[PDB]
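*Asks:*
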Amino acid sequence: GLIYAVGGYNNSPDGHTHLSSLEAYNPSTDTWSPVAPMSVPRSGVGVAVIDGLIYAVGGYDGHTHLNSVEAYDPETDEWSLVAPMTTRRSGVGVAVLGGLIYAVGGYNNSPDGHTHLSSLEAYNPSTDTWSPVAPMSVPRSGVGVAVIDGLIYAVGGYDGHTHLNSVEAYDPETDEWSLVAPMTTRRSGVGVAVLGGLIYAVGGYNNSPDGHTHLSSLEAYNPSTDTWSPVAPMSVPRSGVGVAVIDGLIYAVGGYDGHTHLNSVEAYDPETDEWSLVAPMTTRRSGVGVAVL
Numbered sequence: 006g007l008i009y010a011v012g013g014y015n016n017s018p019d020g021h022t023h024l025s026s027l028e029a030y031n032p033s034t035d036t037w038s039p040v041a042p043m044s045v046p047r048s049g050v051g052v053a054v055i056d057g058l059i060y061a062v063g064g065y066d067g068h069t070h071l072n073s074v075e076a077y078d079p080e081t082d083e084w085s086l087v088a089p090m091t092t093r094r095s096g097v098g099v100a101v102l103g104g105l106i107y108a109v110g111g112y113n114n115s116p117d118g119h120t121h122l123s124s125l126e127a128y129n130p131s132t133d134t135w136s137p138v139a140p141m142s143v144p145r146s147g148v149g150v151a152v153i154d155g156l157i158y159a160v161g162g163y164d165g166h167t168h169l170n171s172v173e174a175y176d177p178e179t180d181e182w183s184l185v186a187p188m189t190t191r192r193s194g195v196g197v198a199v200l201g202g203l204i205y206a207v208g209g210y211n212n213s214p215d216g217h218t219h220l221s222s223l224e225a226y227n228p229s230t231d232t233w234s235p236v237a238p239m240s241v242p243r244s245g246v247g248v249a250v251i252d253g254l255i256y257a258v259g260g261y262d263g264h265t266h267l268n269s270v271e272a273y274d275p276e277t278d279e280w281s282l283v284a285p286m287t288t289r290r291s292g293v294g295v296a297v298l
């Protein structure tokens, strides 16, 4: 298994650069190497893995919030466009469940001006069709998404005015969302991982009476008791961070710390409750999507 870092944004070497590039991490050798770029730059992109392909969903190309979607085959090192979403979405969460790809929330400015989204749509690869399903209780851009126990959890995000600690779960069998316990910390631009039966919320950003803050903290959700609790923080704050789970570790990839778009990467072992730095990406990337394949 490799970790892929997809798209993102940086200022290095060029200011305000939205990225089409892809790089792959081999955990066995602790090395990153470039692979084929996407058809368009995508920051705030969502990523899904199904049928041996990486799907890059939505994002922002530097000018336009995207409804387009493209799929990467690692066997051929080639991207192919598939059917676009019905709604343009950057800062979008993406989940795979029941053989479908779900696009969750996000942001656009095309149809009805500046819009943070509560809507949900589902892609069936066997029909190459996107279908709207039930919306969330609140708009969420910069939302993290987890799949566990047959449910999609939407974690945190930004509703257009407030950075959210709320969390809600979608059951595809009933087409209904239900609120669960909120996180202790409000987090937009948050990464999410499922490991060991727990959902981890990684980093993110929020506001306070004393100002805005990028977060190094993590908290873990226990679905059996509907409770969140802190675990060890990362070495650096990361919002707009990508998260991967492989071989029993959570990898935090890139992000923005409030001052620097990060190329650094670190891995968390739940058994030790400790983070360890691993090799940095070749490219700095915030608003990055991450996939394991």
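The letter at position 134 of the sequence shown is residue 139 when you use the entry's author numbering, and the numbering goes up by one with no holes.
Cβ atoms here follow ideal geometry from the backbone N, Cα and C, with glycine treated the same way.
Assign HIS219 to one of three DSSP states: helix, strand, or coil.
*Replies:* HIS219: strand per DSSP, three-state reduction.
*Asks:* Can you name the start and end residues of the beta strand (DSSP E) that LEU125 belongs to?
*Replies:* Where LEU125 is concerned, the enclosing beta strand (DSSP E) stretches over 125-129.
*Asks:* Leaving aside the five residues before and after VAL207 along the sequence, list all residues of the same chain whose C-beta is less than 8 Å from its C-beta, in chain order.
*Replies:* Hits under 8 Å: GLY149, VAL195, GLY196, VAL197, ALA198, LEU223, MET239, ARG243, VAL246, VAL248, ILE255 and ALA257.
*Asks:* Using the Cα positions of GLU279 and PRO116, report the straight-line distance between them to the nearest angstrom.
*Replies:* Cα to Cα, the separation comes out at about 45 Å.
*Asks:* With H, G and I counted as helix, E and B as strand and the rest as coil, what does DSSP make of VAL250?
*Replies:* It is a strand residue.
*Asks:* Provide the residue span of the beta strand (DSSP E) that contains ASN31, from first to last.
*Replies:* 27-31 is the span of the beta strand (DSSP E), which, as asked, contains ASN31.
*Asks:* Decide if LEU203 is buried, meaning its Cβ has at least 16 other Cβ atoms within 10 Å, or exposed.
*Replies:* Label assigned to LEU203: buried.
*Asks:* Would a C-beta distance cut-off of 8 Å place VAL45 and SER73 closer than the cut-off?
*Replies:* For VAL45 and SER73, yes; Cβs fall inside 8 Å.
*Asks:* Note down, one range per segment and in chain order, each alpha helix (DSSP H) of at least 4 residues found wholly within the segment 36-101.
*Replies:* List check, alpha helix (DSSP H) in window: nothing returned.
*Asks:* Quick check on the burial criterion: 16 or more other C-beta atoms within 10 angstroms. Buried or exposed for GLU276?
*Replies:* By the neighbour-count rule (16 or more Cβ atoms within 10 Å), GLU276 is not buried but exposed.
*Asks:* Between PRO130 and the rest of its own chain, which residues show a CB-CB distance below 7 Å, the 5 nearest in sequence each way excluded?
*Replies:* Around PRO130: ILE55 and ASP56.
*Asks:* Can you tell me where the beta strand (DSSP E) with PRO137 in it begins and where it stops?
*Replies:* Note, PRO137: beta strand (DSSP E), 134-138.
*Asks:* Across which residues does DSSP place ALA186 in a beta bridge pair?
*Replies:* None, per the DSSP bridge assignment.
*Asks:* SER146 bridges to which residues according to DSSP?
*Replies:* Paired residues: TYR163.
*Asks:* CB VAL250 to CB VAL270, shorter than 8 Å?
*Replies:* For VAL250 and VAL270, no; Cβs fall outside 8 Å.
*Asks:* Determine, using beta carbons only, whether residue 320 and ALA186 come nearer to each other than 8 Å.
*Replies:* No statement about residue 320 is possible, as the shown extent of the chain runs from 6 to 298 and does not include it.
*Asks:* Keeping to the same chain, check which residues put their C-beta closer than 6 Å to that of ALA76; ignore five residues upstream and five downstream.
*Replies:* Excluding residues within five positions, the ones whose Cβ falls inside 6 Å are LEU58, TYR60, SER85 and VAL87.
*Asks:* Name, in chain order, the residues that DSSP records as bridge partners for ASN211.
*Replies:* In DSSP, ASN211 forms a bridge with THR218.
*Asks:* Going by C-alpha distance, which of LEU156, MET188 and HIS166 is nearest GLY104?
*Replies:* The shortest C-alpha separation from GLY104 is found at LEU156.
*Asks:* Could you tell me how far apart the beta carbons of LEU298 and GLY98 are, in whole angstroms, since I believe they sit closer than 8 Å?
*Replies:* Between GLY98 and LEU298 the Cβ distance is about 19 Å, and since that is not below 8 Å, they are no contact.
*Asks:* Bridge partners for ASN15 per DSSP, in chain order?
*Replies:* In DSSP, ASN15 forms a bridge with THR22.
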